[PDB]
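Listing of run-v9.csv; format and content: CSV, C-alpha atoms and all ligand atoms.
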```csv
chain,number,residue,atom,x,y,z
A,1,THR,CA,83.5,99.2,122.5
A,2,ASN,CA,83.8,102.6,120.8
A,3,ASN,CA,84.4,101.0,117.4
A,4,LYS,CA,82.1,102.2,114.6
A,5,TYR,CA,83.0,99.6,112.0
A,6,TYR,CA,84.9,96.7,113.6
A,7,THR,CA,81.9,95.6,115.7
A,8,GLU,CA,80.6,92.3,116.9
A,9,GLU,CA,77.4,92.5,114.8
A,10,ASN,CA,79.6,93.3,111.8
A,11,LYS,CA,82.1,90.5,112.6
A,12,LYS,CA,79.1,88.2,112.6
A,13,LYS,CA,77.9,89.5,109.2
A,14,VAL,CA,81.4,89.2,107.7
A,15,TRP,CA,81.7,85.7,109.0
A,16,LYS,CA,78.5,84.6,107.3
A,17,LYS,CA,79.1,86.5,104.1
A,18,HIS,CA,82.6,85.0,104.1
A,19,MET,CA,81.1,81.5,104.2
A,20,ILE,CA,78.9,82.4,101.3
A,21,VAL,CA,81.9,83.5,99.3
A,22,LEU,CA,84.0,80.5,100.2
A,23,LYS,CA,81.5,78.2,98.5
A,24,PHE,CA,81.6,80.4,95.5
A,25,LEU,CA,85.4,79.9,95.3
A,26,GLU,CA,84.7,76.2,94.9
A,27,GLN,CA,82.7,76.8,91.7
A,28,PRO,CA,84.4,75.5,88.5
A,29,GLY,CA,87.3,77.7,87.5
A,30,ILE,CA,86.8,80.2,90.3
A,31,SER,CA,89.4,78.5,92.4
A,32,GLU,CA,92.1,78.8,89.8
A,33,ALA,CA,91.2,82.4,89.0
A,34,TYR,CA,91.4,83.3,92.7
A,35,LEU,CA,94.9,81.6,93.1
A,36,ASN,CA,96.0,83.4,89.9
A,37,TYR,CA,94.8,86.7,91.3
A,38,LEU,CA,96.6,86.0,94.6
A,39,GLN,CA,99.7,85.4,92.4
A,40,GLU,CA,99.2,88.7,90.6
A,41,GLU,CA,98.9,90.5,93.9
A,42,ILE,CA,101.8,89.0,95.9
A,43,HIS,CA,104.2,92.0,95.2
A,44,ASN,CA,101.6,94.7,95.8
A,45,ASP,CA,102.2,97.4,98.4
A,46,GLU,CA,98.5,97.7,99.3
A,47,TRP,CA,98.7,94.2,100.9
A,48,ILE,CA,101.4,94.9,103.6
A,49,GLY,CA,100.1,93.5,106.8
A,50,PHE,CA,98.3,90.7,104.9
A,51,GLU,CA,101.3,88.4,104.3
A,52,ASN,CA,100.2,85.6,106.6
A,53,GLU,CA,96.6,85.7,105.1
A,54,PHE,CA,98.0,85.6,101.6
A,55,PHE,CA,100.2,82.7,102.5
A,56,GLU,CA,97.4,80.7,104.2
A,57,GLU,CA,95.1,81.4,101.2
A,58,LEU,CA,97.7,80.3,98.5
A,59,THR,CA,99.0,77.3,100.5
A,60,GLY,CA,95.5,75.9,101.3
A,61,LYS,CA,96.1,76.3,105.0
A,62,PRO,CA,92.6,76.6,106.6
A,63,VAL,CA,90.7,80.0,106.8
A,64,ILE,CA,90.4,79.6,110.6
A,65,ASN,CA,92.4,77.3,112.9
A,66,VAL,CA,90.7,75.7,116.0
B,1,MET,CA,79.7,77.7,129.5
B,2,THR,CA,82.0,76.3,126.7
B,3,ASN,CA,84.8,78.7,125.6
B,4,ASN,CA,84.5,79.0,121.8
B,5,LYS,CA,86.9,76.9,119.8
B,6,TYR,CA,86.3,78.3,116.3
B,7,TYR,CA,84.4,81.5,116.7
B,8,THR,CA,87.3,83.0,118.6
B,9,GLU,CA,88.3,86.7,118.3
B,10,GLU,CA,91.6,85.8,116.6
B,11,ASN,CA,89.6,83.9,113.9
B,12,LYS,CA,87.3,86.9,113.5
B,13,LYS,CA,90.3,89.0,112.6
B,14,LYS,CA,91.8,86.6,110.1
B,15,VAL,CA,88.3,86.0,108.4
B,16,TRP,CA,87.8,89.8,108.3
B,17,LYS,CA,91.2,90.2,106.6
B,18,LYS,CA,90.7,87.3,104.3
B,19,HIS,CA,87.3,88.7,103.4
B,20,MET,CA,88.9,92.0,102.3
B,21,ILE,CA,91.3,90.0,100.0
B,22,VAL,CA,88.3,88.2,98.4
B,23,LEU,CA,86.4,91.4,98.0
B,24,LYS,CA,89.1,92.9,95.8
B,25,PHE,CA,89.1,89.6,93.9
B,26,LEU,CA,85.3,89.9,93.2
B,27,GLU,CA,86.0,93.3,91.5
B,28,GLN,CA,88.2,91.5,88.9
B,29,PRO,CA,86.7,91.5,85.4
B,30,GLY,CA,84.1,88.8,85.0
B,31,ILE,CA,84.2,87.7,88.6
B,32,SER,CA,81.4,89.9,89.9
B,33,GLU,CA,78.9,88.7,87.2
B,34,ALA,CA,79.8,85.0,87.9
B,35,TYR,CA,79.4,85.7,91.6
B,36,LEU,CA,75.9,87.2,91.2
B,37,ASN,CA,74.9,84.3,89.0
B,38,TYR,CA,76.2,82.0,91.8
B,39,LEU,CA,74.1,83.9,94.4
B,40,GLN,CA,71.1,83.6,92.2
B,41,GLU,CA,71.4,79.8,92.4
B,42,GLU,CA,72.4,79.4,96.0
B,43,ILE,CA,69.4,81.5,97.3
B,44,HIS,CA,67.4,78.3,96.6
B,45,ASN,CA,70.0,75.9,98.2
B,46,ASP,CA,68.3,74.3,101.2
B,47,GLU,CA,71.6,73.9,103.1
B,48,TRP,CA,71.7,77.6,104.0
B,49,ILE,CA,69.6,78.0,107.2
B,50,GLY,CA,69.6,81.6,108.5
B,51,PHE,CA,71.6,83.2,105.7
B,52,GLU,CA,68.6,84.7,103.8
B,53,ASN,CA,69.3,88.3,104.8
B,54,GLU,CA,73.0,87.9,103.9
B,55,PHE,CA,72.2,86.3,100.6
B,56,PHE,CA,70.0,89.2,99.6
B,57,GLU,CA,72.3,91.9,101.0
B,58,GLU,CA,74.9,90.5,98.6
B,59,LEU,CA,72.7,90.0,95.6
B,60,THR,CA,71.3,93.5,95.8
B,61,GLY,CA,74.7,95.1,96.3
B,62,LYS,CA,74.2,96.3,99.9
B,63,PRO,CA,77.4,97.0,101.8
B,64,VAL,CA,79.1,94.1,103.5
B,65,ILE,CA,79.0,95.7,107.0
B,66,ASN,CA,76.7,98.3,108.5
B,67,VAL,CA,77.9,101.5,110.2
C,1,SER,CA,87.8,74.9,106.4
C,2,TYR,CA,84.2,75.6,105.3
C,3,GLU,CA,83.3,72.9,107.8
C,4,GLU,CA,85.4,74.8,110.5
C,5,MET,CA,83.7,78.1,109.6
C,6,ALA,CA,80.4,76.2,109.9
C,7,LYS,CA,81.4,74.9,113.4
C,8,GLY,CA,82.2,78.5,114.2
C,9,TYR,CA,78.7,79.3,113.1
C,10,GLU,CA,77.3,76.6,115.4
C,11,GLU,CA,79.0,78.6,118.2
C,12,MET,CA,77.0,81.8,117.5
C,13,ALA,CA,74.1,79.8,119.1
D,1,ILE,CA,82.8,101.0,98.5
D,2,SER,CA,81.9,98.3,101.0
D,3,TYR,CA,85.7,97.6,100.9
D,4,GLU,CA,86.5,101.0,102.4
D,5,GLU,CA,84.1,100.2,105.2
D,6,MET,CA,86.0,96.9,105.7
D,7,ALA,CA,89.3,98.8,105.7
D,8,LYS,CA,88.0,101.3,108.3
D,9,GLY,CA,87.1,98.4,110.5
D,10,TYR,CA,90.5,96.9,109.9
D,11,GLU,CA,92.2,100.2,111.0
D,12,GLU,CA,89.9,100.1,114.0
D,13,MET,CA,91.3,96.7,114.9
D,14,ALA,CA,94.7,98.0,116.1
A,101,CA,CA,106.0,96.0,96.4
A,102,NI,NI,63.5,78.7,95.9
```
Written as structure tokens, that's how I'd like the structure from this file.
Amino acid sequence: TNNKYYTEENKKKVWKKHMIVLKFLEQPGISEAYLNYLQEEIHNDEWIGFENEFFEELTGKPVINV
Amino acid sequence: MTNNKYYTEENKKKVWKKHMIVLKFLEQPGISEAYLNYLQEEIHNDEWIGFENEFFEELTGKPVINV
Amino acid sequence: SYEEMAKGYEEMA
Amino acid sequence: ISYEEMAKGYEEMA
């Protein structure tokens, strides 16, 4: 409850803004540029802890699972 | 009351993390401008009910979350 | 998956 | 900018 940033109102905003961005990723050529960027980033130290999310995004596995 | 099947806390975490990955993508050269052009169209798309504040926070460069 | 995020939006009621 | 706010929330997760 003492969280300043990871809050339920913010989670809500992120969820909605993420849906807005997902439909952008469908736009022509955005898809392939995103996968290309994920490729460029796969060896990058700043993304330790994000391996499962990188894999799900590159493999086409869903953003959320039931 | 139904327990949530999709809007679960574990999904909120993955979406949060996946959103950070896409944020850095949006900074890539050319992506930002094509994003803003996409927001300019979508703001008129009648399939987005209740997203108006989010569409304009994004279009006008407001931060994704609020302290 | 957008459909699933949408369903998750339907659960914010 | 807004990414560092995201990152601070992430470090607030665990
Ligand atoms: Ca490395
Ligand atoms: Ni209009």
* Kindly compile the residues surrounding ligand CA 101 (chain A) within 8 Å, counting all atoms listed in the file, and format them as a count of residues only. => 3
* **Contacts with ligand NI 102 (chain A) at most 8 Å, all atoms listed in the file counted, listed as a list in words** =>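 So the residues close to ligand NI 102 (chain A) are residues 43, 44 and 45 of chain B.
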* Asked: Quick one: of B:6, B:29, B:41, B:65, who's nearest to residue 1 of chain D, counting only C-alpha atoms?
  ->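 Between B:6, B:29, B:41, B:65, the residue approaching residue 1 of chain D most closely is B:65.
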* For residue 8 of chain B: contacts at 10 Å, all atoms listed in the file, fewer than 3 positions along chain excluded, given as an NGL selection string -> (:A and (64-66)) or (:B and (3-5 or 11-13)) or (:C and (8 or 11))
* Please indicate the distance in Å from atom CA of residue 42 of chain B to atom CA of residue 29 of chain A, rounded to one decimal place. => 17.2 Å
* **Within 10 Å of chain A: residues of chain B, using all atoms listed in the file, as a PyMOL selection string** => chain B and resi 4-26+28+31+34-36+38-39+42+48+50-51+53-55+57-58+64-67
Generate the output file for the selected residues, C-alpha atoms, as a compact mmCIF listing (two decimals), in the coordinates of the input.
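Final file, result-v7.txt:
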```
# COMPACT_ATOMS: atom_id res chain seq x y z
CA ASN B 4 84.50 79.00 121.80
CA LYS B 5 86.90 76.90 119.80
CA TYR B 6 86.30 78.30 116.30
CA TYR B 7 84.40 81.50 116.70
CA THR B 8 87.30 83.00 118.60
CA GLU B 9 88.30 86.70 118.30
CA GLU B 10 91.60 85.80 116.60
CA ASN B 11 89.60 83.90 113.90
CA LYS B 12 87.30 86.90 113.50
CA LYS B 13 90.30 89.00 112.60
CA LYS B 14 91.80 86.60 110.10
CA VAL B 15 88.30 86.00 108.40
CA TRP B 16 87.80 89.80 108.30
CA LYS B 17 91.20 90.20 106.60
CA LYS B 18 90.70 87.30 104.30
CA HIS B 19 87.30 88.70 103.40
CA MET B 20 88.90 92.00 102.30
CA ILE B 21 91.30 90.00 100.00
CA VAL B 22 88.30 88.20 98.40
CA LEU B 23 86.40 91.40 98.00
CA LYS B 24 89.10 92.90 95.80
CA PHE B 25 89.10 89.60 93.90
CA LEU B 26 85.30 89.90 93.20
CA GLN B 28 88.20 91.50 88.90
CA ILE B 31 84.20 87.70 88.60
CA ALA B 34 79.80 85.00 87.90
CA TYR B 35 79.40 85.70 91.60
CA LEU B 36 75.90 87.20 91.20
CA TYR B 38 76.20 82.00 91.80
CA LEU B 39 74.10 83.90 94.40
CA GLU B 42 72.40 79.40 96.00
CA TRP B 48 71.70 77.60 104.00
CA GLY B 50 69.60 81.60 108.50
CA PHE B 51 71.60 83.20 105.70
CA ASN B 53 69.30 88.30 104.80
CA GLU B 54 73.00 87.90 103.90
CA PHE B 55 72.20 86.30 100.60
CA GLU B 57 72.30 91.90 101.00
CA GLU B 58 74.90 90.50 98.60
CA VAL B 64 79.10 94.10 103.50
CA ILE B 65 79.00 95.70 107.00
CA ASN B 66 76.70 98.30 108.50
CA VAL B 67 77.90 101.50 110.20
```
What are the closest atom pairs, with distances in Å to one decimal, for each residue of chain C lying within 9 Å of chain A, using all atoms listed in the file, rows by chain and rising residue number, as CSV?
```
residue,atom,partner,partner_atom,distance
C:1,CA,A:62,CA,5.1
C:2,CA,A:19,CA,6.8
C:4,CA,A:64,CA,6.9
C:5,CA,A:19,CA,6.9
C:6,CA,A:19,CA,7.8
C:8,CA,A:15,CA,8.9
C:9,CA,A:16,CA,7.9
C:12,CA,A:12,CA,8.3
```
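Relative to atom CA of residue 59 of chain B, atom CA of residue 30 of chain B is found at 15.6 Å.
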* Asked: What residues in chain D lie within 7 Å of chain B, counting all atoms listed in the file, written as number ranges by chain?
  -> D: 2-3, 6
* Quick one, how far is atom CA of residue 36 of chain A from atom CA of residue 51 of chain A? ->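 Value for the atom CA of residue 36 of chain A-atom CA of residue 51 of chain A distance: 16.1 Å.
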Determine the axis-aligned bounding box of all atoms of segment 5-11 of chain C present in the file, pad each side by 6 Å, and express its centre and edge lengths in Å to one decimal place as AutoDock Vina command-line options.
```
--center_x 80.5 --center_y 77.1 --center_z 113.9 --size_x 18.4 --size_y 16.4 --size_z 20.6
```
